[PDB]
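Scroll down for the structure; my scribbles are underneath it.
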Amino acid sequence: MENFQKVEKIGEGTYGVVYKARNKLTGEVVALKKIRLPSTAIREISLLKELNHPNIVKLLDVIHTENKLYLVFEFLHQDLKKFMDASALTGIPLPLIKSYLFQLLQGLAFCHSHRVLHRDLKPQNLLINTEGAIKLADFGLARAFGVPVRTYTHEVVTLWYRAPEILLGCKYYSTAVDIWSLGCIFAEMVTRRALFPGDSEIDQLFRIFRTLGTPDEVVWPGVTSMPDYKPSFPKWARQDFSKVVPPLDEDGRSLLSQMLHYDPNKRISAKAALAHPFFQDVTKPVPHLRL
Ligand SMILES: Cc1nc(C)c(-c2ccnc(Nc3ccc(N(C)C)c(Cl)c3)n2)s1
C-alpha cells in the first residue's frame, strides 16, 4: 500500500470504504476498496480479475496485506447516482437511459454466462465516463466476509433494489436477482424517483406487493412455501405500469414488466432482454457530465 496515495473518499459499500487514489509506480488514478477483516475469498476474488468486458469496471489487483484486503479498480469519473441527482430537474434523456440499460444488460449477459452474479446492483456501483459508457462495479460473492461498514459509520444497507426471492429467504438464488435490480434502476432513471424505497425488509417487500400485487401460487409457483413467506401477508391488487413509469413507451413498459416478474424462472434473462424491441433504435449518446 506504500505505492498508493489516497486522494479522497468516494464511497462506502456494505463491507468496504472506497477511495480515489494515485498509483505512485505508474502514475495512474484508481478506485481503492479497503475491506477490514478467508482463503476461499482470496481465490474467488482473484477469479474476478479475469472477468473483463467493456461494461465491467476492471479489477486491476487484489492486495492481501496486514489483516486488510485491498481491491484496486480502474477509476471512472462519476457514478450513476451523482448523474441522476445532477439530472433531477431535467431528467436523463430517454436515448441515454436506453443506451445505459442496453450496455448494463450486455455486461450482465457476459458475467451471467460465466456464472458470476453481482447480487447488489445500485446506482452507486454503476459507473459512467464522458464517452457514453456505463459499467458494473464490484461483484459480490455468495459468502460475505469482513467487518460491515454500518458498525463503524453512519451508513445503512440500501434494500431498494433487492429481488423479492432474497427478501422471502431464498439462499440459493439465481442470476435473475440482478435483472430485478436493473429493472428497479431503469424505472428510477425514467421517473426520477426510486421505484421501491423501503427502509426495512418488510417495508421493502410490502412496497413491492402494493405495486405489483401480493404474489400467490398462480403468478409464482412455490412462493407460499418460501422461508419468510407468511399467509398473514396483506393481499394487495396489482397496479398498471402506465401508472408506475410514465412517460415510458409500451416497449419499455413491456421490457420492465418482464424484468420485474415475481417468478425468477419467468423473469427475462439479460441475453433475451438484449433482443427486446425496446432496443430496435438504441444509440450511444454523450452525457453532459459536470466533473
Ligand atoms: C461504491 C463504489 N464501489 C466502487 C468499486 C466504485 C468505483 C469504481 C471505479 N470508479 C469509481 N469512481 C467514482 C465513484 C463515485 C464518485 N462520486 C461521484 C461519488 C466518483 Cl467522483 C468517482 N468508483 S464506487
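Count residues from 1 along the sequence. Start at 1 and go down the list; that is how both ligands and their atoms are numbered.
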Is the shortest side-chain N to carboxylate O distance from [X] to [Y] below 4.0 Å?
| X | Y | result |
| --- | --- | --- |
| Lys122 | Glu188 | no |
| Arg119 | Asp178 | no |
| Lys81 | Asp85 | yes |
| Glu74 | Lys135 | yes |

Report task. Apply side-chain contact (heavy atoms from CB on, under 4.5 Å) to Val219 and list each qualifying residue two or more places apart in sequence or on a separate chain. Result ->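 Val219: side-chain contact (heavy atoms from CB on, under 4.5 Å) contacts with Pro215, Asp216, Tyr262.
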For ligand 1, output the ligand-protein N/O contacts shorter than 3.5 angstrom; if there are none, return none.
from, atom 1, to, atom 2, distance (Å)
ligand 1, 10 (N), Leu76, N, 3.0
ligand 1, 12 (N), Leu76, O, 2.9

Requested in this report: Examine distances only and state if a side-chain atom of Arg238 and a backbone atom of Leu212 form a donor-acceptor pair shorter than 3.5 Å.
Outcome: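 Checking the backbone N and O of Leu212 against the side chain of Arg238, a donor-acceptor pair under 3.5 Å is found.
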